[PDB]
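Peer 1: Right, I'll just put the structure down here and ask away after.
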Amino acid sequence: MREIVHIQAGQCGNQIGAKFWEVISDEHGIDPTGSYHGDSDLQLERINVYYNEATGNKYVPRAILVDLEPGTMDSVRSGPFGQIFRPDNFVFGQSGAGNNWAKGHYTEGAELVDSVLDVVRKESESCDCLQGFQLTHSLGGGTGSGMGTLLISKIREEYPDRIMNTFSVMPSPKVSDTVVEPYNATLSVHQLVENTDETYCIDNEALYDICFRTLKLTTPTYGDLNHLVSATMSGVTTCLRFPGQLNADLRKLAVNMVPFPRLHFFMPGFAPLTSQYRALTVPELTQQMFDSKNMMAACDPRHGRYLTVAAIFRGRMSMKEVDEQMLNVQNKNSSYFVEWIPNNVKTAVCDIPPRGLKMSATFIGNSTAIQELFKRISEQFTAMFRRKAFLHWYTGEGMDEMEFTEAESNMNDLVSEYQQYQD
Amino acid sequence: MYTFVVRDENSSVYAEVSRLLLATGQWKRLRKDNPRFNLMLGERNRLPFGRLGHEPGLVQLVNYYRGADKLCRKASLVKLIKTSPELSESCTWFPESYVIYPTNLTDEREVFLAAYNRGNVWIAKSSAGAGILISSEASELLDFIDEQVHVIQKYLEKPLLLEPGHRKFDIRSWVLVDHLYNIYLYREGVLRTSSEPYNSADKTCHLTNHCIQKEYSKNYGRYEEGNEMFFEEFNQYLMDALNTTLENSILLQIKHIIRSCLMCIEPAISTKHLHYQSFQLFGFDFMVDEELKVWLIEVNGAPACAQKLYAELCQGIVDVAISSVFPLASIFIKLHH
Amino acid sequence: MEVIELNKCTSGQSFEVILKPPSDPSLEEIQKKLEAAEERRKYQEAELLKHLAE
Amino acid sequence: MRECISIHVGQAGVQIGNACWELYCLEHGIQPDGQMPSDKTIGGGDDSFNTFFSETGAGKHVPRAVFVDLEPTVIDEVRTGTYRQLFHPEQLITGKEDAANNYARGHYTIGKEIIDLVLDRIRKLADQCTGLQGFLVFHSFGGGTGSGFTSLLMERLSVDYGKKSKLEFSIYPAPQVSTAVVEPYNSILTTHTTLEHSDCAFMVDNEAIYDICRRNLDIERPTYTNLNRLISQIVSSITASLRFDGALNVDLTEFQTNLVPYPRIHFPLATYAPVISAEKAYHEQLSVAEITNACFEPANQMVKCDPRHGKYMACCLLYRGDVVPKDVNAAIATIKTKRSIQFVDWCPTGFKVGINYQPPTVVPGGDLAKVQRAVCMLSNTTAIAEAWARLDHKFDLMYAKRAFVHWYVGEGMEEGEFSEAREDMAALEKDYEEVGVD
Ligand SMILES: Nc1nc2c(ncn2[C@@H]2O[C@H](COP(=O)(O)OP(=O)(O)OP(=O)(O)O)[C@@H](O)[C@H]2O)c(=O)[nH]1
Ligand SMILES: Nc1ncnc2c1ncn2[C@@H]1O[C@H](COP(=O)(O)OP(=O)(O)CP(=O)(O)O)[C@@H](O)[C@H]1O
Ligand SMILES: Nc1nc2c(ncn2[C@@H]2O[C@H](COP(=O)(O)OP(=O)(O)O)[C@@H](O)[C@H]2O)c(=O)[nH]1
Ligand SMILES: [Ca+2]
Ligand SMILES: [Ca+2]
Ligand SMILES: [Ca+2]
Ligand SMILES: [Mg+2]
Ligand SMILES: [Mg+2]
Ligand SMILES: [Mg+2]
């Protein structure tokens with residue numbers, strides 16, 4: 001019994017979090033009312049990692065829904081699986097955060113964070129042995145970004161020996177709501193550098209490019225983007241939700257994937273991405289899984305080097321053929337894997353495939369090419385900050401310019417740390 | 001697409017082999033410390049054989065046989081011929097040799113002087129040379145070694161002398177042993193000839209090394225280019241002068257010695273049932289006396305080639321030693337055994 | 001090729017064939033190291049909580 | 001009669017232990033409920049199998065075994081397995097959260113909180129023994145518990161049982177089945193601190209077992225069950241002399257006496273033959289000469305290496321089945337005239353031979369075919385140092401960048417223990433070269 005507590009914060013975090021629970025509930029056979037209606041005991045063997053068992057054989061997600069606006073959480077409560085969440089785990093204010101990291105982190109969010117910690121504490125007290133936490137949020141807004149990182153800091157203070165894991169959506173000018181998103185994201189990245197053990201970098205730029213270029217969606221919506229996040233989140237949590245041997249808990253995953261504490265920002269990938277009944281062979285799954293066009297961080301892996309790689313194949317397939325194709329990609333592109341970490345590519349296989357697919361593959365890379373993401377955010381930050389543009393939104397909440405200067409320096413250090421291991 | 005690494009930059013043989021592999025477009029070169037290779041062109045000293053054959057999904061091959069140093073060292077060759085029943089002390093094609101340790105350090109001092117007292121010219125040499133002494137007195141030989149392990153063997157006082165010139169020579173043969181322990185003898189050899197007349201009464205006319213004839217010999221390049229005579233001319237000479245062929249008078253004994261030596265150490269160095277495979281190119285040096293008898297001088301484990309034969313031989317290395325294990329998309333004589 | 005020390009029983013036998021003749025830290029010290037590592041963990045956690053308190 | 005206590009640590013140690021005791025019961029005619037009809041001394045006795053099994057007044061034969069794991073899922077398999085009736089709950093010790101492939105977490109952080117409990121449960125088994133020989137410790141090199149907690153347990157056993165012998169069965173890490181990048185760290189850290197506390201250790205490279213399962217059993221992708229059934233056969237061959245009548249390796253002290261002249265060089269190489277697939281309806285039975293010759297093939301060794309480029313310090317042959325001394329000597333004579341078997345000058349060139357007439361027992365429905373005769377060779381070769389060289393090299397690559405080191409320092413381990421452990425391995429690797437190379 002190695003329980004995980006899930007938290008979703010802000011508009012993006014709750015919309016992506018709700019789809020995640022919708023996806024894995026279907027994979028585990030849980031219906032919108034919390035009743036199990038599956039046909040395999042493999043669905044329930046690790047069900048308690050994400051679900052609590054209540055009276056009447058009901059399964060309740062161990063999920064806490066947080067926002068400074070009621071709007072999106074009303075949509076969740078009215079969505080498909082809205083009734084499955086614990087009603088007391090809805091923690092919301094009324095003011096909103098106006099896409100303002102300072103409001104989420106320092107003013108509006110400080111007023112609400114203690115009531116979130118009460119729900120976290122209540123969920124943790126009913127855990128046989130709590131593994132840690134997973135948080136879904138965006139970095140470009142105010143609540144998920146500012147209040148989410150405030151939550152992570154206060155969760156670390158109360159549970160210092162537990163693993164903190166995040167799915168963090170990076171802003172992009174291609175899929176942008178406001179011009180201050182680079183400010184909010186730069187402020188959040190330093191929080192994540194200090195206070196998370198594992199962060200899946202989900203780049204809205206990559207999600208948009210995949211929907212437009214690959215999936216041939218001329219006008220991608222947020223729902224289209226969230227379909228890619230659902231599939232990715234289900235894939236990267238397969239090892240936690242089903243019986244296996246590799247990266248079966250969050251701490252063993254961090255030990256395998258993080259050779260240096262600050263470089264814990266992962267590039268996720270998924271295969272297939274089809275715009276549909278054709279069976280996909282193991283060589284095709286393996287080639288697509290390593291292709292840059294299947295990456296969710298919009299970073300060219302050939303521009304950097306892989307520190308560690310985790311690969312998860314789902315479905316009934318030849319595991320011998322999987323090992324052959326996995327060893328083929330490494331032996332035919334060994335210049336992109338660091339030679340000072342032997343056997344840094346680990347492969348896991350799960351028999352149960354995602355809904356609507358015979359087989360799939362999920363990629364988790366700790367590549368030094370992720371510095372391209374942080375460089376991109378750093379450049380957009382500096383373009384405005386050199387002229388102090390839009391800072392009044394933040395100084396009006398009590399922040400000083402020096403905190404922006406330090407956030408800027410912090411992320412340029414992070415970029416330089418990736419560069420020293422790429423050489 | 002096959003992968004290989006290069007760990008001996010000073011190898012003229014395998015620098016050309018590495019150049020040929022890249023020219024095929026189906027072989028990729030990796031960094032020298034990258035373990036995900038199919039082929040290792042390894043270093044001469046302390047090749048880490050213990051780390052080969054442990055990469056899952058990679059058939060690995062190395063261009064050196066582990067343990068072949070027993071054949072390619074002065075004192076090791078003498079001990080191997082004396083103590084192996086396959087070769088025995090009654091070996092007829094190897095000169096009477098003795099392993100002599102310097103007094104500042106088993107040993108065969110009292111055995112060497114026993115046969116010495118019973119033509120009494122010997123030669124002292126070792127593997128630490130470019131340091132060779134040829135004397136008829138045993139006192140100068142034992143005193144020179146005291147001044148590393150050395151060996152003293154009988155100096156062939158009646159060598160076969162080429163005419164015109166009255167000059168000494170030695171025959172170099174290149175032998176390639178593949179991963180199946182097939183013994184391939186390169187059809188092309190070289191005679192490294194002396195350019196000075198042999199004087200049976202100075203070491204320039206007695207040592208036929210290619211470097212000594214180019215530094216201390218004043219007749220370098222006179223009779224043949226670079227003091228190197230190839231088999232076509234040498235065979236024609238044996239027909240015109242001695243009324244015999246190179247195959248009959250010499251090459252039968254050479255093939256016999258190559259087989260005897262390599263079959264002796266086959267149980268100790270074979271990679272037949274091993275987790276990695278080995279091949280190796282050897283350099284056999286032979287002496288011929290006036291009776292047309294062939295004598296083995298030494299075996300080189302990291303030999304160089306003749307400039308005219310680099311292209312042909314290196315392509316043969318790729319053909320039978322490298323492509324036989326890693327096929328892409330005869331100049332040898334197979335000594336069966 | 002000599003066989004020596006042949007011992008036979010109902011369930012088997014044993015012998016030796018020769019082919020050729022020849023030619024701690026105390027409990028206290030362990031407890032000290034275990035407690036020294038625990039103290040280093042406590043010091044690192046105190047530094048974290050001090051950092052978070054700032 | 002002198003008792004032996006088996007201790008299984010971590011997932012590898014427990015799952016291999018489960019496979020071994022399964023084989024022991026089949027070999028001794030013990031049923032899953034603990035009953036042994038052939039045992040006529042009800043409730044007691046000092047027979048050779050009593051070195052591994054105690055007896056209750058109800059006639060149940062209970063393994064002298066302790067299972068320890070910092071996570072309960074693997075030992076819960078034993079609690080609800082086929083042989084659940086053998087063990088009482090005091091023998092199965094589980095924690096809540098594991099060592100996360102972190103030596104320091106298993107050794108320092110979690111080990112400190114559970115070491116006294118484990119020793120207390122071991123003390124309960126030792127109090128049943130009238131003359132305890134010592135301990136057999138099964139564990140992996142690469143796991144956080146198998147590496148970290150075992151080294152702490154071995155230190156405390158030397159304190160609480162100073163006169164007792166301790167033998168290891170150690171699983172050497174192989175990327176084809178391994179689950180952690182830091183396993184070279186854990187292997188070298190645990191070898192350093194265990195070295196002075198182990199009298200004789202049998203290393204088993206998962207790479208060798210994996211390849212033997214693929215090559216000889218035609219298993220395309222072997223599982224842990226396939227690997228552990230083969231490992232338990234080798235372990236059974238090694239411990240059979242403690243559980244059956246005989247005169248060779250009759251107590252744990254004799255293992256060190258016969259296989260370990262130099263105390264630090266206490267890692268004998270094991271080679272086993274024959275391994276025949278059960279899917280073969282009929283297989284030509286190999287002779288004494290053929291299985292004995294197979295003991296000098298690297299493809300049958302528990303650790304892949306080349307004993308031709310090393311020197312022997314000792315050599316035991318453990319036969320099971322239709323074998324008589326006459327055919328052993330005839331096979332050895334032929335092998336000496338064909339193999340490169342170099343002994344060190346300060347040791348006799350010989351073989352201590354043990355023969356048990358009962359042929360190997362196989363798990364019904366398993367992958368191994370029944371054979372009329374089998375042999376396990378235990379030879380102390382310097383060639384096994386190749387496994388140390390590979391391990392130390394992977395250590396050197398990661399540690400030069402201090403990769404993953406923060407995980408160990410964060411558990412209270414000092415960075416100096418890394419280099420201190422590595423220097424010990426360098427000294428160990430140098431000892432092998434002085435003994436085996438001229
Ligand atoms: N032969 C064999 N090897 C195993 C088995 N189980 C795990 N291993 C190997 O052991 C190593 C990992 O160590 P584990 O025993 O699983 O870890 P642990 O001792 O439980 O310690 P933790 O980190 O706390 O889980 C890997 O190299 C595995 O290949 C097994 O059943 N048989
Ligand atoms: N017993 C002997 N009788 C006559 N000449 C001999 C001899 N031993 C050696 N030589 C001469 O010495 C020369 C070189 O000797 P040796 O082969 O030991 O040196 P070396 O090994 O440094 C040359 P290589 O580059 O082929 O290894 C040969 O050309 C040969 O003519
Ligand atoms: N992928 C994805 N991104 C979103 C979604 N909603 C908002 N975003 C992104 O998140 C940022 C806006 O933050 P948001 O979550 O709406 O603000 P918050 O409610 O204050 O946390 C912008 O970068 C948006 O592009 C969504 O549903 N899916
Ligand atoms: Ca207010
Ligand atoms: Ca009894
Ligand atoms: Ca001791
Ligand atoms: Mg919004
Ligand atoms: Mg030479
Ligand atoms: Mg475990």
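Identifiers in the structure tokens: chain A, B, ... in order shown; residue index from 1 per chain; ligand index from 1 in order shown.
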Extract, using only C-alpha atoms, all DNA, RNA and protein residues at most 9 Å from residue B:134, discarding same-chain residues fewer than 4 positions from it, and format them as a list in words.
Peer 2: residues 121, 122, 123, 124, 141, 155, 203 and 206 of chain B
Peer 1: Could you write those residues out with N, CA and C atoms, as a PDB file, in the first residue's frame?
Peer 2:
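File written: selection_6.pdb
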```pdb
ATOM      1  N   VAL B 121      79.189 -19.765 -32.237  1.00  0.00           N
ATOM      2  CA  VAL B 121      78.765 -18.369 -32.227  1.00  0.00           C
ATOM      3  C   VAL B 121      77.285 -18.320 -31.877  1.00  0.00           C
ATOM      4  N   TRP B 122      76.936 -17.475 -30.913  1.00  0.00           N
ATOM      5  CA  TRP B 122      75.566 -17.313 -30.453  1.00  0.00           C
ATOM      6  C   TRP B 122      75.164 -15.847 -30.555  1.00  0.00           C
ATOM      7  N   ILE B 123      73.882 -15.583 -30.309  1.00  0.00           N
ATOM      8  CA  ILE B 123      73.327 -14.237 -30.384  1.00  0.00           C
ATOM      9  C   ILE B 123      72.447 -14.001 -29.163  1.00  0.00           C
ATOM     10  N   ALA B 124      72.564 -12.813 -28.575  1.00  0.00           N
ATOM     11  CA  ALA B 124      71.779 -12.419 -27.415  1.00  0.00           C
ATOM     12  C   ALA B 124      70.822 -11.303 -27.811  1.00  0.00           C
ATOM     13  N   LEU B 141      78.686 -12.733 -23.728  1.00  0.00           N
ATOM     14  CA  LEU B 141      77.230 -12.814 -23.812  1.00  0.00           C
ATOM     15  C   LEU B 141      76.593 -12.667 -22.436  1.00  0.00           C
ATOM     16  N   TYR B 155      73.452 -18.729 -33.356  1.00  0.00           N
ATOM     17  CA  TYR B 155      73.514 -17.865 -34.526  1.00  0.00           C
ATOM     18  C   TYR B 155      73.776 -18.719 -35.760  1.00  0.00           C
ATOM     19  N   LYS B 203      77.710  -5.091 -37.255  1.00  0.00           N
ATOM     20  CA  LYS B 203      76.436  -5.800 -37.235  1.00  0.00           C
ATOM     21  C   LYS B 203      75.513  -5.392 -38.377  1.00  0.00           C
ATOM     22  N   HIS B 206      74.851  -8.439 -40.640  1.00  0.00           N
ATOM     23  CA  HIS B 206      74.322  -9.566 -39.883  1.00  0.00           C
ATOM     24  C   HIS B 206      72.879  -9.386 -39.440  1.00  0.00           C
TER      25      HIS B 206
END
```
Peer 1: To check your reading of the model: which residues sit at most 7 Å from ligand 3 when counting only C-alpha atoms and all ligand atoms? Write the answer as a PyMOL selection string.
Peer 2: chain A and resi 9-13+15-16+67+97-99+137-145+169-172+175-177+181+204+222-223+225-226
Peer 1: Got time to write the residues from that selection, N, CA, C and O atoms, as a tab-separated table (two decimals), in the first residue's frame?
Peer 2:
```tsv
chain	number	residue	atom	x	y	z
A	9	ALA	N	-4.51	22.18	-9.57
A	9	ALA	CA	-4.62	23.57	-9.17
A	9	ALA	C	-4.77	24.46	-10.39
A	9	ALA	O	-3.99	24.35	-11.34
A	10	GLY	N	-5.75	25.36	-10.35
A	10	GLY	CA	-5.94	26.31	-11.43
A	10	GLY	C	-6.77	25.74	-12.57
A	10	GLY	O	-7.20	24.59	-12.56
A	11	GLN	N	-6.98	26.58	-13.58
A	11	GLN	CA	-7.80	26.18	-14.72
A	11	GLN	C	-7.17	25.00	-15.46
A	11	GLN	O	-7.79	23.93	-15.59
A	12	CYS	N	-5.94	25.16	-15.93
A	12	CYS	CA	-5.27	24.10	-16.67
A	12	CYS	C	-5.11	22.84	-15.83
A	12	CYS	O	-5.41	21.73	-16.28
A	13	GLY	N	-4.66	23.00	-14.58
A	13	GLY	CA	-4.43	21.83	-13.74
A	13	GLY	C	-5.68	21.00	-13.50
A	13	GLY	O	-5.62	19.77	-13.50
A	15	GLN	N	-8.56	21.03	-15.45
A	15	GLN	CA	-9.06	20.46	-16.70
A	15	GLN	C	-8.22	19.26	-17.13
A	15	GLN	O	-8.76	18.24	-17.57
A	16	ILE	N	-6.90	19.36	-17.00
A	16	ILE	CA	-6.04	18.23	-17.34
A	16	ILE	C	-6.15	17.14	-16.28
A	16	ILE	O	-6.15	15.95	-16.59
A	67	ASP	N	-8.64	25.75	-6.67
A	67	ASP	CA	-8.66	26.90	-7.57
A	67	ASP	C	-9.05	28.14	-6.77
A	67	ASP	O	-9.68	28.05	-5.71
A	97	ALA	N	-7.10	34.75	-9.63
A	97	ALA	CA	-5.73	35.22	-9.57
A	97	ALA	C	-5.31	36.04	-10.78
A	97	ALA	O	-4.16	36.49	-10.83
A	98	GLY	N	-6.20	36.24	-11.75
A	98	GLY	CA	-5.91	37.13	-12.87
A	98	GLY	C	-4.60	36.86	-13.58
A	98	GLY	O	-3.91	37.81	-13.99
A	99	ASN	N	-4.23	35.59	-13.74
A	99	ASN	CA	-2.98	35.20	-14.41
A	99	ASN	C	-1.77	35.87	-13.77
A	99	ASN	O	-0.81	36.25	-14.46
A	137	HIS	N	-0.67	21.28	-13.00
A	137	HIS	CA	-0.83	22.72	-13.06
A	137	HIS	C	-0.13	23.24	-14.30
A	137	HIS	O	0.68	22.55	-14.93
A	138	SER	N	-0.45	24.48	-14.65
A	138	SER	CA	0.29	25.24	-15.64
A	138	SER	C	1.20	26.24	-14.94
A	138	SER	O	0.97	26.63	-13.79
A	139	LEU	N	2.24	26.66	-15.65
A	139	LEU	CA	3.17	27.65	-15.14
A	139	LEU	C	2.87	29.06	-15.63
A	139	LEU	O	3.41	30.03	-15.08
A	140	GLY	N	2.01	29.21	-16.65
A	140	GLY	CA	1.78	30.51	-17.27
A	140	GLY	C	0.70	31.36	-16.64
A	140	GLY	O	0.63	32.56	-16.92
A	141	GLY	N	-0.14	30.78	-15.78
A	141	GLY	CA	-1.23	31.49	-15.14
A	141	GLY	C	-0.88	31.98	-13.76
A	141	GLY	O	0.28	32.29	-13.45
A	142	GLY	N	-1.89	32.05	-12.89
A	142	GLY	CA	-1.70	32.58	-11.56
A	142	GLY	C	-1.92	31.57	-10.44
A	142	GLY	O	-1.14	31.52	-9.49
A	143	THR	N	-2.98	30.77	-10.56
A	143	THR	CA	-3.33	29.85	-9.47
A	143	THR	C	-2.47	28.59	-9.50
A	143	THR	O	-1.78	28.28	-8.52
A	144	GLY	N	-2.50	27.85	-10.61
A	144	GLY	CA	-1.66	26.68	-10.72
A	144	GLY	C	-0.19	27.01	-10.58
A	144	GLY	O	0.58	26.28	-9.96
A	145	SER	N	0.22	28.16	-11.13
A	145	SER	CA	1.62	28.56	-11.11
A	145	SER	C	2.01	29.14	-9.75
A	145	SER	O	2.89	28.61	-9.06
A	169	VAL	N	2.66	22.39	-17.16
A	169	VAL	CA	2.41	22.82	-18.54
A	169	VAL	C	3.14	24.14	-18.77
A	169	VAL	O	2.87	25.14	-18.09
A	170	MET	N	4.07	24.15	-19.72
A	170	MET	CA	4.86	25.35	-20.01
A	170	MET	C	4.13	26.23	-21.01
A	170	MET	O	3.58	25.72	-22.00
A	171	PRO	N	4.13	27.55	-20.82
A	171	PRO	CA	3.44	28.43	-21.76
A	171	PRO	C	4.20	28.56	-23.07
A	171	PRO	O	5.41	28.32	-23.15
A	172	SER	N	3.46	28.93	-24.11
A	172	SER	CA	4.02	29.20	-25.42
A	172	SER	C	3.27	30.35	-26.06
A	172	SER	O	2.04	30.42	-25.94
A	175	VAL	N	0.21	29.27	-28.04
A	175	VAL	CA	-1.01	28.93	-27.32
A	175	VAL	C	-1.02	29.75	-26.04
A	175	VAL	O	-0.79	29.22	-24.95
A	176	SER	N	-1.27	31.05	-26.17
A	176	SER	CA	-1.06	32.00	-25.09
A	176	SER	C	-2.38	32.68	-24.72
A	176	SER	O	-3.19	32.99	-25.59
A	177	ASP	N	-2.56	32.92	-23.42
A	177	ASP	CA	-3.69	33.71	-22.93
A	177	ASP	C	-3.31	35.16	-22.63
A	177	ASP	O	-4.08	36.06	-22.95
A	181	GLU	N	2.74	35.48	-19.21
A	181	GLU	CA	3.07	34.07	-19.00
A	181	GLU	C	4.56	33.79	-18.81
A	181	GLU	O	4.89	32.96	-17.95
A	204	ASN	N	3.04	23.46	-24.25
A	204	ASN	CA	1.92	23.76	-25.13
A	204	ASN	C	2.36	24.01	-26.56
A	204	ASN	O	1.57	23.83	-27.49
A	222	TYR	N	-7.98	23.59	-26.71
A	222	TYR	CA	-7.40	23.09	-25.47
A	222	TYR	C	-7.79	21.64	-25.23
A	222	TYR	O	-6.97	20.84	-24.76
A	223	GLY	N	-9.03	21.27	-25.58
A	223	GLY	CA	-9.43	19.88	-25.47
A	223	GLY	C	-8.58	18.95	-26.32
A	223	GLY	O	-8.24	17.84	-25.90
A	225	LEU	N	-5.45	19.57	-27.15
A	225	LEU	CA	-4.17	19.52	-26.44
A	225	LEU	C	-4.25	18.58	-25.24
A	225	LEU	O	-3.32	17.82	-24.98
A	226	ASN	N	-5.37	18.62	-24.51
A	226	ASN	CA	-5.51	17.81	-23.31
A	226	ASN	C	-5.67	16.33	-23.62
A	226	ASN	O	-5.41	15.49	-22.75
```
Peer 1: Quick one: residues within 8 Å of stretch 265-269 of chain B, only C-alpha atoms counted, chain neighbours fewer than 4 positions away excluded, as a list in words?
Peer 2: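 Result of the neighbour search: residues 65, 66, 67, 68, 181 and 261 of chain B; 308, 338, 339 and 340 of chain D.
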Peer 1: List all protein, DNA and RNA residues that have an atom no more than 7 Å from any atom of ligand 1, counting only C-alpha atoms and all ligand atoms, and report them as a ChimeraX atom specification.
Peer 2: /D:9-13,15-16,69-71,98-102,106,139-147,171-174,177-179,183,206,224-225,227-228
Peer 1: Using only C-alpha atoms and a distance of at most 8 Å, pull out the residues of chain A that contact chain B, as a PyMOL selection string.
Peer 2: chain A and resi 324+327+331-332+334-335+339
Peer 1: For the residues in the current selection, export C-alpha atoms as a PDB file, in the first residue's frame.
Peer 2:
```pdb
ATOM      1  CA  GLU A 324      15.847  -6.070 -29.686  1.00  0.00           C
ATOM      2  CA  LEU A 327      18.877  -2.128 -27.964  1.00  0.00           C
ATOM      3  CA  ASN A 331      23.348   0.958 -30.504  1.00  0.00           C
ATOM      4  CA  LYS A 332      22.505   2.964 -33.649  1.00  0.00           C
ATOM      5  CA  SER A 334      24.825   5.943 -29.023  1.00  0.00           C
ATOM      6  CA  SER A 335      26.293   9.430 -29.534  1.00  0.00           C
ATOM      7  CA  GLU A 339      28.759   7.382 -21.786  1.00  0.00           C
TER       8      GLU A 339
END
```
Peer 1: Could you work out which residues of chain D fall inside 6 Å of chain C? Count only C-alpha atoms, and format the result as a short mmCIF file (atom, residue, chain, number, x, y, z; two decimals) with C-alpha atoms, in the first residue's frame.
Peer 2:
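The result, written out as out_26.cif:
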```cif
data_model
loop_
_atom_site.label_atom_id
_atom_site.label_comp_id
_atom_site.auth_asym_id
_atom_site.auth_seq_id
_atom_site.Cartn_x
_atom_site.Cartn_y
_atom_site.Cartn_z
CA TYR D 108 21.80 3.58 7.47
CA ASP D 345 52.68 -22.79 -7.23
CA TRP D 346 51.84 -22.79 -3.50
CA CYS D 347 48.87 -25.17 -3.94
CA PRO D 348 48.54 -28.79 -5.06
CA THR D 349 47.11 -29.42 -8.52
CA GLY D 350 44.17 -31.57 -7.49
CA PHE D 351 40.43 -32.04 -7.15
CA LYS D 352 38.38 -32.78 -4.04
CA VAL D 353 35.47 -34.90 -5.27
CA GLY D 354 32.09 -35.53 -3.67
CA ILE D 355 29.47 -37.90 -5.04
CA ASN D 356 25.86 -38.16 -3.87
CA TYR D 357 24.07 -41.10 -5.49
CA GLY D 412 23.51 10.42 5.93
CA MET D 413 26.30 8.56 4.13
#
```
Peer 1: Write out as a list in words the residues lying within 6 Å of stretch 70-81 of chain A, counting only C-alpha atoms and excluding same-chain residues fewer than 2 positions away.
Peer 2: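 After dropping sequence-adjacent residues, the list is residues 11, 32, 83, 84 and 92 of chain A.
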Peer 1: Would you compute the distance between atom CA of residue A:284 and atom CA of residue A:347? Give it in Å to one decimal.
Peer 2: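 Computed distance, atom CA of residue A:284 to atom CA of residue A:347, equals 15.9 Å.
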Peer 1: Within 10 Å of ligand 8, counting only C-alpha atoms and all ligand atoms, which protein or nucleic acid residues do you find, written as a compact mmCIF listing (two decimals) with N, CA and C atoms, in the first residue's frame?
Peer 2:
```txt
# COMPACT_ATOMS: atom_id res chain seq x y z
N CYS B 72 54.47 -14.49 -29.00
CA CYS B 72 55.02 -13.26 -29.55
C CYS B 72 55.98 -12.57 -28.58
N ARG B 73 56.60 -13.33 -27.68
CA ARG B 73 57.64 -12.82 -26.81
C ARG B 73 58.87 -13.72 -26.91
N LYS B 74 60.05 -13.11 -26.78
CA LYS B 74 61.29 -13.85 -26.93
C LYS B 74 61.37 -15.01 -25.94
N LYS B 125 69.57 -11.43 -27.39
CA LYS B 125 68.54 -10.46 -27.76
C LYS B 125 67.43 -10.51 -26.72
N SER B 126 66.49 -9.58 -26.84
CA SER B 126 65.36 -9.50 -25.93
C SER B 126 64.24 -8.70 -26.59
N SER B 127 63.10 -8.64 -25.91
CA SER B 127 61.96 -7.89 -26.40
C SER B 127 62.06 -6.40 -26.10
N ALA B 128 63.04 -5.97 -25.31
CA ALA B 128 63.22 -4.57 -24.96
C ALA B 128 64.16 -3.84 -25.92
N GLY B 129 64.36 -4.38 -27.13
CA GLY B 129 65.23 -3.76 -28.10
C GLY B 129 64.50 -2.75 -28.97
N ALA B 130 65.28 -2.09 -29.83
CA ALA B 130 64.74 -1.10 -30.75
C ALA B 130 63.87 -1.75 -31.81
N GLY B 283 52.97 -11.67 -37.49
CA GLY B 283 54.14 -11.53 -38.34
C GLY B 283 55.22 -12.54 -38.02
N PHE B 284 55.37 -13.56 -38.86
CA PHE B 284 56.38 -14.58 -38.69
C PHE B 284 57.66 -14.19 -39.42
N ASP B 285 58.79 -14.29 -38.74
CA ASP B 285 60.10 -14.00 -39.31
C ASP B 285 60.89 -15.30 -39.41
N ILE B 297 62.55 -17.44 -36.42
CA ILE B 297 63.29 -16.47 -35.61
C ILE B 297 62.41 -15.94 -34.50
N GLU B 298 61.26 -15.37 -34.86
CA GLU B 298 60.33 -14.85 -33.87
C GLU B 298 58.96 -14.64 -34.52
N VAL B 299 57.97 -14.36 -33.67
CA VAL B 299 56.61 -14.08 -34.11
C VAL B 299 56.23 -12.70 -33.57
N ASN B 300 55.73 -11.84 -34.46
CA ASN B 300 55.30 -10.50 -34.09
C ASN B 300 53.78 -10.46 -33.94
N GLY B 301 53.31 -9.96 -32.81
CA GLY B 301 51.89 -9.90 -32.53
C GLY B 301 51.22 -8.64 -33.04
N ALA B 302 52.00 -7.60 -33.32
CA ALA B 302 51.50 -6.33 -33.84
C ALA B 302 52.38 -5.91 -35.01
N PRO B 303 52.35 -6.64 -36.11
CA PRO B 303 53.28 -6.37 -37.21
C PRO B 303 52.78 -5.25 -38.11
```
